[PDB]
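See structure below.
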Amino acid sequence: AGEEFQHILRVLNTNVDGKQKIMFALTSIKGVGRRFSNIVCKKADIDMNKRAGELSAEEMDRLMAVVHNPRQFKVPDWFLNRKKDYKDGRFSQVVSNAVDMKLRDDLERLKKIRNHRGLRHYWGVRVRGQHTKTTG
Amino acid sequence: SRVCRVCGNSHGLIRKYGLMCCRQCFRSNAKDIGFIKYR
Amino acid sequence: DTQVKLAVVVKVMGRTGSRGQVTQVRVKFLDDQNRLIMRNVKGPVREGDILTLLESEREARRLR
Amino acid sequence: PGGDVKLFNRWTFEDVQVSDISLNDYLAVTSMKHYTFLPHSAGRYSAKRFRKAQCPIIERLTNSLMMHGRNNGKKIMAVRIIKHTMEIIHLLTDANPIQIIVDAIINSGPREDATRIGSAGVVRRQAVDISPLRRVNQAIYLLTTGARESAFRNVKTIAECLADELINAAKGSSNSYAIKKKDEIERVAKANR
Amino acid sequence: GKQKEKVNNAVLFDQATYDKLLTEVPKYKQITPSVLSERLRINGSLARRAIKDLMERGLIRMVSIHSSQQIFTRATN
Amino acid sequence: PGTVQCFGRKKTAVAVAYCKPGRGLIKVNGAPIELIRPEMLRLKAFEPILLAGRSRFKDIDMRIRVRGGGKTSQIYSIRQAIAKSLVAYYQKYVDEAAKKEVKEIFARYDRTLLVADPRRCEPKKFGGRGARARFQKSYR
Amino acid sequence: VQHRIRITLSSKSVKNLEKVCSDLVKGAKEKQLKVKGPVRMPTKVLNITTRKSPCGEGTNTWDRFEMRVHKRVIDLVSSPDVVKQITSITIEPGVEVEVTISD
Amino acid sequence: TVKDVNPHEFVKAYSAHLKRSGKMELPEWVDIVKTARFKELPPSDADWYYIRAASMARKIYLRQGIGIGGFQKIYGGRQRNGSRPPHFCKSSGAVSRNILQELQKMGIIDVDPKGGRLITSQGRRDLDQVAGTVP
RNA sequence: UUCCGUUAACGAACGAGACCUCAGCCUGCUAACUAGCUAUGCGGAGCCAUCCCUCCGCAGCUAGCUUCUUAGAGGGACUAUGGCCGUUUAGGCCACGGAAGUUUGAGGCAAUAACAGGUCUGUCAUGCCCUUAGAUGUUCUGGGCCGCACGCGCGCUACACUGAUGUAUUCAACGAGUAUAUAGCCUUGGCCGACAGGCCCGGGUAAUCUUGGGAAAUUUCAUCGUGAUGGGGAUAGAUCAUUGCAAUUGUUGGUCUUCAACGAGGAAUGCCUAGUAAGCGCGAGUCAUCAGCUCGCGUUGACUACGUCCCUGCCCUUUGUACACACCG
Ligand SMILES: [Mg+2]
Ligand SMILES: [Mg+2]
Ligand SMILES: [Mg+2]
Ligand SMILES: [Mg+2]
Ligand SMILES: [Mg+2]
Ligand SMILES: [Mg+2]
Ligand SMILES: [Mg+2]
Ligand SMILES: [Mg+2]
Ligand SMILES: [Mg+2]
Ligand SMILES: [Mg+2]
Ligand SMILES: [Mg+2]
Ligand SMILES: [Mg+2]
Ligand SMILES: [Mg+2]
Ligand SMILES: [Mg+2]
Ligand SMILES: [Zn+2]
């Protein structure tokens, strides 16, 4: 009995399932894996044996508080996916749509550079040194 | 920078135990060195 | 109708089939211990096994 | 019947009755030499023909669980599986689960088959009998394969799938994989009698 | 069926399994494991492995626990 | 005076049972035999004690040191250790006839509580990864 | 006046080693010395597996070559001169004699 | 004593001891570290440090002179490399060192000359006391 | 082509066998502080508490110590004994015993004759030819050998609940360790660090130190719940560190993030008969760094058969032949 039990959650433009446990429901956001979702579920102090959907919203606001300010809740430097940015220089946690946004800004940088990796990206060939006689 | 002591070749070199012979010179001289084919 | 009859391999004769996967044995009927007939069996079999026959009439021939 | 050695120290080997005289010599539950605490005996069978007619039936069934590669060699898991299967079986039939297992093995063995033999000069498939040992072999094969095929991609545990398979085959009900396969083999055999 | 997604419907904590369903489910053989009934009564587990605990706290049916998450049942005796 | 020290062997595991005239004690590596811990193969270690009876062990303490092999091989080695140690104790201290008794109870149940398996792991030969298996062959 | 003298022998051949090893022990048995030996240490097998073919054609067949090395130890209590008197007899080829003084 | 109790219930009993027996410090990274390079998630149970302590003081109580580069092998395991074969990997030395340092800062164990770590007389005492109280 | 025997053959030579290596049995022999077990002493901890009892530590002129470990000398199996079939020969099947009764298992070695098999790119092995200074010689710098619409071969990871994850728990064997510069090859121990990795005090040329090699699968208790899911981990971004003179078409190892195909696979096809297949990990070779390979090693441990000549071939005989480069005639 979850009388206000939600099955859709729309957190951060990701359409989170209300039918799953929290630490695997919040992984639906593009930029949060199982490890970061675990850290969020810990620092916001949420019972992890709780289905996302049985939640209270005031908890949810804290979830977004920790995800948008990962540096602020003492989440360490090495944990974040934007270590030592090149456009600015900050240690950030890029989230759902900015992951794609930043990614295409990087490949655009390498394209304008005439970088080797930029041209490998543009040509559609593999970029990390793998062999390609018989793979692809 | 590592050659056969017997022929100065660069391929198939046996450096185990300090032999530093190529796999063919070692076969030609195995019995003289003392390596016996038991099994 | 048919009734399943019960027989005993009394001697084992040989190995028939293209690939030798079938044995030929002589069986003996337990209710009528006078009717001894040739049958083909699939699977390992020694002297003394009890064979269940769905029908009794069919009788094999030498080196079948 | 003074035989106080019991499977897992729970299931009495006294009072197990094999009805088929045909396979009575090829199921190892009736004599005292074949009673065991556990179905994991590091036996040196397969060394001679017909040795595995002496291997305890519970061990044969357990041996047939460790199948499909990712389960090869995993005998302790199969012994635990059989343990839970047996607890469930007696938690359904309230009867000695050895008897249920033995009845299922007997009931799930085909008695006819059809194979291509050469008659008088031309090859074509005739019907043949099944030896008792290959009857037991095929019976275990069918039950285990049925249980393993039920358990795949299912929330049902392999122990419970096996228990349902064995109780259904012991009933003889034509709902377990073992019975349907037995009857289909025997129908293909009858068709070419 | 979806018996871990079904763990938090209104029904699942109103009366559903609290003797409204599992009065009978063990009793078809008087004794049927809750881990056996995961499919015969199509309802699966962990909306159901946390209620076999609740019947324990409620003093209704005894159990055994083992390796593969095997769990068992007996209605009343 | 009773003391014997008898071993039991399997694939590579070996167990050795040292015997004293004590009360009921059986300990493998210092822990009670009740706690040899693959528990599915626990009735296997208890096979001799229930084969003879706890009563036949009312006046010996067994310290069984086991080593080598793996979990199952160590269990079978311990099995052989209890069995042959009891046989040797009844040989040297109790009686020649009541050791024949226990020998017959032990060797009617299983001949490898007293005789070890000569089976070893067959070496590997080149051309495949295994004793008998070979690399998969391709023609075209 | 009595030390702890350890004499260590190594060889590729069992018999040539054991002849000398017995000879030393008996030569030190006539002097009523304390000979604590011979101690046998695990045979060391130096193994090299090599492809028979020089050119990499045909069935890949290997030959495994092995040198067995045996390690004996004899213990004595004496002065180094008496032992040097003893370890001066005719030594078979291939045997190493490497006498030292243990602590 | 400790060898007369099953080592699972004993570790449960001891890890409940250190909890309600006073306290120890706990780092400010206990909720975030994985305990092994090959692990996927941190330990599932929030009370894992104490478990890792109670399981670990039984290692020194049954052995003598175990360093940290041996505990890393003790608690290491199988690492799966995706598409490459899996191998054996060692756990993290920071938790291994920190729990021993804490056992020192309670007097259950102590560092050993000749290297390693050894159980103390008082540390032996409480382990057999708690062992006496396990079913 | 092993033997009995037959017999225009008699007497011999190789190959098979014998032989050698490893594994299997030995409370029998020789021993062993670079292996240990036992007892006794002291040390700790429990406790009917004072002793006794249990579990560890430590030291020796404890052993009428060598069972366990190591490695030497030997012993042991010969089908020896019994039954049945057989010239009642050579042999065969069955059985008690026994560690072992397929030659006990597994290897090494291995005939005549041949191939236009492969190797001139292992060899200062070699004939002939070509070149030999503006070099096809040598050495340096940079690039390629790795490039990618595609076809093929050996494989690695998987498609999940007989499971993944996270605790607890914990059992091997075979091997390896160049003065390795001034701590250096294998690296214990202590400290810093989330990891990666780093600093310091050290051992070992080794049954002595790494390393009783504290392996994994497995076992255990939880979490997942039939969902391309928490199965799977490809592709990719950022960032840290290591090796090396230099890491770019990422050497490799870490952290967070990205979450592809894949729903057990058509025709075809490979390997396999017992500690075997399969599963699991470990060592060595290569090596400054890199193992999805190869060569070994242990661990867990089956299904089926104990046949046949149907398919693919092989040996011997008889037979036909217009084949002899020999039916790809
Ligand atoms: Mg399932
Ligand atoms: Mg794997
Ligand atoms: Mg041979
Ligand atoms: Mg050449
Ligand atoms: Mg160049
Ligand atoms: Mg190949
Ligand atoms: Mg995964
Ligand atoms: Mg696990
Ligand atoms: Mg390279
Ligand atoms: Mg390597
Ligand atoms: Mg290669
Ligand atoms: Mg003609
Ligand atoms: Mg012609
Ligand atoms: Mg033609
Ligand atoms: Zn050379």
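Following the order of the structure tokens, chains are lettered A, B, ..., residues in each are numbered from 1, and ligands are numbered from 1.
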Counting only C-alpha atoms, collect the residues of chain E whose closest atom lies at most 7 Å from chain D, and write them out as a PyMOL selection string.
-> chain E and resi 29+31-32+36+38-39+44
Write out as a PyMOL selection string all residues of chain E that backbone DSSP assigns to alpha helix (DSSP H).
-> chain E and resi 37-40+51-57
Write a file of the just-selected residues containing N, CA and C atoms, as a compact mmCIF listing (two decimals), in the first residue's frame.
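Result went into part_13.txt, see below:
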# COMPACT_ATOMS: atom_id res chain seq x y z
N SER E 37 4.97 -21.99 -4.33
CA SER E 37 3.81 -21.29 -4.86
C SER E 37 4.18 -20.06 -5.61
N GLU E 38 5.44 -19.80 -5.95
CA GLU E 38 5.76 -18.59 -6.69
C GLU E 38 5.15 -18.59 -8.09
N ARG E 39 4.79 -19.76 -8.63
CA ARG E 39 4.23 -19.84 -9.97
C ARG E 39 2.88 -20.53 -10.06
N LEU E 40 2.60 -21.53 -9.22
CA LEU E 40 1.27 -22.14 -9.22
C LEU E 40 0.20 -21.10 -8.90
N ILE E 51 6.97 -11.41 2.87
CA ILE E 51 5.73 -11.67 3.58
C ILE E 51 5.81 -13.02 4.29
N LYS E 52 6.66 -13.93 3.81
CA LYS E 52 6.90 -15.15 4.56
C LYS E 52 7.56 -14.84 5.90
N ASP E 53 8.33 -13.75 5.95
CA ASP E 53 8.77 -13.20 7.23
C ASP E 53 7.60 -12.68 8.05
N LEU E 54 6.66 -11.98 7.42
CA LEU E 54 5.58 -11.36 8.18
C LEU E 54 4.66 -12.41 8.79
N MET E 55 4.41 -13.50 8.08
CA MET E 55 3.69 -14.62 8.69
C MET E 55 4.48 -15.24 9.84
N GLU E 56 5.81 -15.17 9.79
CA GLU E 56 6.60 -15.61 10.94
C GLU E 56 6.39 -14.70 12.14
N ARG E 57 6.46 -13.39 11.93
CA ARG E 57 6.24 -12.48 13.05
C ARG E 57 4.81 -12.61 13.56
Could the residues that lie within 12 Å of ligand 13, counting only C-alpha atoms (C1' of nucleotides) and all ligand atoms, be listed as a PyMOL selection string?
-> chain I and resi 321-326+329
Taking C-alpha atoms (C1' of nucleotides) for each residue, export the selection above as a PDB file, in the first residue's frame.
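Okay, again_1.pdb is ready:
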ATOM      1  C1'   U I 321      42.193 -53.991 -65.245  1.00  0.00           C
ATOM      2  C1'   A I 322      42.926 -50.800 -71.963  1.00  0.00           C
ATOM      3  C1'   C I 323      45.876 -47.545 -65.206  1.00  0.00           C
ATOM      4  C1'   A I 324      52.236 -47.079 -64.062  1.00  0.00           C
ATOM      5  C1'   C I 325      52.683 -38.991 -63.491  1.00  0.00           C
ATOM      6  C1'   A I 326      49.300 -44.979 -61.372  1.00  0.00           C
ATOM      7  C1'   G I 329      44.333 -42.489 -64.405  1.00  0.00           C
TER       8        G I 329
END
Near-region 5-20 of chain C list (10 Å; only C-alpha atoms (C1' of nucleotides); drop same-chain fewer than 2 positions) as a VMD selection string = (chain C and resid 2 to 3 22 to 33 35 to 42 45 to 56 62 to 64) or (chain D and resid 21 to 22 115 to 119 123 131) or (chain I and resid 307 to 310)
Polymer residues at most 10 Å from residue 3 (chain G), only C-alpha atoms (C1' of nucleotides), same-chain spacing of 6 or more positions, as number ranges by chain = G: 76-80, 101-103
Who sits within 8 Å of residue 6 (chain B), only C-alpha atoms (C1' of nucleotides), same chain under 6 positions skipped, as a ChimeraX atom specification = /B:21-22,25
Find the residues in chain D near chain F: any atom within 10 Å counts, using only C-alpha atoms. Write them as a list in words.
-> residues 5, 7, 8, 9, 32, 33, 34, 35, 36, 37, 38, 39, 40, 41, 42, 43, 44, 76, 77, 79, 80 and 83 of chain D
Around ligand 10, at most 8 Å away and counting only C-alpha atoms (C1' of nucleotides) and all ligand atoms, which residues are there? Put them as a VMD selection string, please.
-> chain I and resid 284 to 287 291
Contacts of residue 53 (chain G) within 9 Å, only C-alpha atoms (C1' of nucleotides), excl. fewer than 3 positions in-chain, as a VMD selection string = (chain B and resid 24) or (chain G and resid 50 56 to 58 60 to 62) or (chain I and resid 119)
Can you write out the residues you just picked, keeping C-alpha atoms (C1' of nucleotides), as a PDB file, in the first residue's frame?
ATOM      1  CA  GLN B  24      67.579 -24.072 -33.128  1.00  0.00           C
TER       2      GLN B  24
ATOM      3  CA  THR G  50      61.259 -26.237 -27.559  1.00  0.00           C
ATOM      4  CA  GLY G  56      57.403 -23.509 -38.335  1.00  0.00           C
ATOM      5  CA  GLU G  57      55.767 -25.909 -40.801  1.00  0.00           C
ATOM      6  CA  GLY G  58      53.741 -29.052 -40.225  1.00  0.00           C
ATOM      7  CA  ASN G  60      53.463 -28.322 -34.084  1.00  0.00           C
ATOM      8  CA  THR G  61      55.460 -30.851 -32.068  1.00  0.00           C
ATOM      9  CA  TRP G  62      57.518 -30.066 -28.987  1.00  0.00           C
TER      10      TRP G  62
ATOM     11  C1'   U I 119      63.033 -24.443 -44.283  1.00  0.00           C
TER      12        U I 119
END
Using only C-alpha atoms (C1' of nucleotides), which residues of chain B come within 6 Å of chain I, and what is the closest atom pair for each, with the distance in Å to one decimal? Give it as a Markdown table, sorted by chain and residue number.
| residue | atom | partner | partner_atom | distance |
| --- | --- | --- | --- | --- |
| B:7 | CA | I:123 | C1' | 5.8 |
| B:24 | CA | I:122 | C1' | 5.9 |
| B:38 | CA | I:21 | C1' | 5.1 |
| B:39 | CA | I:108 | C1' | 4.4 |
